[PDB]
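Residue numbers (the deposited numbering), protein chains in the order written: chain A, 11 to 48, 63 to 108, 114 to 385; chain A', 11 to 48, 63 to 108, 114 to 385. A prime marks a further copy of an entry chain.
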Ligand SMILES: [Zn+2]
Ligand SMILES: [Zn+2]
């Protein structure tokens, strides 16, 4: 396989389905990328967490993230900046670990180097997150810095031969909710040139209507022939609507967070399995789900395990939620390929929000 | 298969290996019986817990424990009395649930009925636990009551046709550490007649030397041609020494308790995987273990998962510990069948206690 090749196999409206080929494997798009410490074609590693425990140099000494996690397929790492204080400047950010008080710095160059030590296949440029809401001036200043940092990230990546030849680099569009800033950001990223383009700054609590409004104008600004990654999104209905707006890749902690907190995703909406209404419910978590949990165990049993404090309950919930997300993506890919995605999205919303 | 048939295939000293055939399956002995909410031939259900959540009538409405847990092989239930206050008498015990304040009673008859509603295959007689240490008078009084309750348990079981025809009933020897009381108890149980005989009252904090001393004289008092079940034991070295003294069946919360608290069992002794010495250790939890965890992941990765708070870490630890216990029992059975159990026990102890 090539280092990186994105091909679009079919389209419906703004939605696309296709493949990213990389040395370690093929990624089917639209893709959901689960956290690896939770089938999927690619998993996400949390650079901020890994640089603090066990440390990037230690991960490299252990053979890199692929060996460490037992995962030989592609891995995407974030830059570490979002989760990341002792000092902030045009150079980068300095911060102190709560785990042990150790001092750490992150910059475009250091973030790229940490991601190199982790051995990831898709590397994210290091940027400055923009809070929500943001004034036009603050959003512009933050976006402008992020574009300077995108060039620094590009140069650092290109200087590391093993990384340049075997990994890929994505740039991140910023600009808050402002169309003109989103355009300036897209133009700057395309001038630098990246293997894929993320839409940043939209997992900030703005609400789905506003997120969709910004995606409506922002995704068309990115190169059509490269993947589009919506970072930190989201709920099943967020994913469906974002695909309708041209997004190809997603990540979110929701499936694993929900699975540890009693919430299961189903085609009839989320359910809180701890509720007493499930104590005698012999149906599986979801009646169509093909996952191993739903083939074997009832809502009543999973309810019991969680209420009893048994670790097995949260594990089965998490397994189901991860599988549900992958089945959602498979249905999205098949429906786009078959020219029935618009109908799928309509049928999906009607059932998901009925909450039956 | 028959309702119940125990056959001894081979012996070495006081140790035995063989099979219990029941309608739902064959149990290879010596057997370790894990809790089912945690391969094994039989799992243990906790009657006290199940009668409080979700309730025995509710379990029966859901189809019984086999259907509820997705386990079609034999299940052994305890009587509920050990974990079980509003009143205590020759009739039984009354107690109030902390979960919701509901009132509950347990007696020989009610315990047998609850175990019937749960649908278990091996039913334990309801007895009175003897604290440790106990005076001779108190141990005798408690043992005498337990024998009266054993007869009541026998009669209640025999009155329920579905239970009498399809399940088995074990009696429990009591008597604390006193040889004469252990003998009186064994005589009373054999006169009543049971399908198997447990050695009760030895998971009480007395220490291994004392436990082995009591087993030395107590196990020979039970019928040789029936299974011998040591309740609530134990650590790997406890199991090996108890097999050397004629025990056929075991249960203990240690593998699952340890797996949720950072402790892994290995042939070189227990290890606390959270310790910093494992942060860079690329070996599996145990170098001989055939379990799925040890085929794939390192001590370093499991250390990381647990230190990071990831549920996956405790799940992998528990999976490894359950599998380790089953591999221990398999090695015990094979060595007895091959006439090399004495050597196995010696080699096991030398390595386990070296702690290398
Ligand atoms: Zn499922
Ligand atoms: Zn193992």
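Every residue, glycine too, gets a C-beta built ideally from N, C-alpha and C.
In terms of CA proximity to residue 152 of chain A, A:198 leads the group A:312, A:12, A:198. CA-to-CA, the gap between residue 300 of chain A' and residue 263 of chain A' works out to about 17 Å. For residue 215 of chain A', the enclosing alpha helix (DSSP H) stretches over residues 208-221. In this structure, the alpha-carbon of residue 352 of chain A lies about 9 Å from that of residue 284 of chain A.
The Cβ atoms of residue 30 of chain A and residue 16 of chain A sit closer than 7 Å to each other. A heavy atom of ligand 1 is found nearer than 6 Å to the CB of residue 314 of chain A. Shown here, residue 118 of chain A sits in coil according to DSSP, grouped into three states, outside any helix or strand. Residues of chain A' with a Cβ closer than 8 Å to the Cβ of residue 77 of chain A are, in chain order, 333, 336, 337. The Cβ of residue 341 of chain A' sits closer than 7 Å to at least one Cβ of chain A. Ranked by Cα distance from residue 332 of chain A, the first of A:319, A:346, A:324 is A:346.
With a contact defined as Cβ atoms closer than 8 Å, residue 259 of chain A' and residue 228 of chain A' qualify at about 5 Å.
Ranked by Cα distance from residue 134 of chain A, the options A:196, A:116, A:90 are led by A:116. Annotated three-state conformation of residue 172 of chain A' is helix, per DSSP. In terms of Cα proximity to residue 47 of chain A, the closest of A:383, A:334, A:139, A:286 is A:286. Annotated three-state conformation of residue 292 of chain A' is strand, per DSSP. Put simply, the CB of residue 131 of chain A' is far from chain A, with every gap to its CB atoms at 7 Å or more.
For secondary structure counted as the beta strand (DSSP E) over 3 or more consecutive residues, the segment 225-287 of chain A' holds these complete runs in sequence order: 225-228, 257-259. Judged by pairs of C-beta atoms under 8 Å, the segment 133-149 of chain A' does not touch the segment 163-170 of chain A', as fewer than three such pairs exist. Residue state for residue 63 of chain A' is assigned as coil, using DSSP reduced to three classes. Around the Cβ of residue 125 of chain A', a 10 Å sphere holds fewer than 16 other Cβ atoms; the residue is exposed. Residue 202 of chain A' has A':228 as its beta-bridge partners, per DSSP. Secondary structure at residue 138 of chain A: helix, using DSSP grouped into helix, strand and coil. Residue 288 of chain A is a Cβ neighbour of residue 350 of chain A, given a cutoff of 7 Å. Short of 6 Å from the beta carbon of residue 174 of chain A', and not among the five residues preceding or following it, lie these beta carbons of its own chain, in chain order: 157.
Taking 7 Å as the upper bound on Cβ-Cβ separation, chain A' lies near residues 308, 309, 311 of the segment 306-319 of chain A.
For residue 176 of chain A, the closest Cβ of chain A' is not nearer than 7 Å. Think of a sphere of 7 Å around the beta carbon of residue 43 of chain A: no beta carbon from chain A' falls inside it, the nearest being about 17 Å out.
The Cβ-Cβ distance between residue 99 of chain A and residue 79 of chain A does not fall below 7 Å.
Short of 6 Å from the beta carbon of residue 365 of chain A, and not among the five residues preceding or following it, lie these beta carbons of its own chain, in chain order: 20, 22, 25, 27. Following the DSSP letters along the chain, one finds residue 364 of chain A inside the alpha helix (DSSP H) bounded by residues 340-366.
Of the candidates A:354, A:297, A:87, the residue whose Cα lies closest to the Cα of residue 383 of chain A is A:297.
Residue 235 of chain A' and residue 270 of chain A' have their alpha carbons spaced roughly 15 Å apart. Distances from the CB of residue 90 of chain A' to the heavy atoms of ligand 1 are all 6 Å or more. If you draw a straight line from the Cα of residue 81 of chain A' to the Cα of residue 245 of chain A, it comes to about 56 Å. Beta-carbon to beta-carbon, residue 329 of chain A and residue 335 of chain A are separated by about 11 Å, too far to satisfy the 8 Å threshold. The Cβ atoms of residue 243 of chain A and residue 206 of chain A lie closer than 7 Å to each other.
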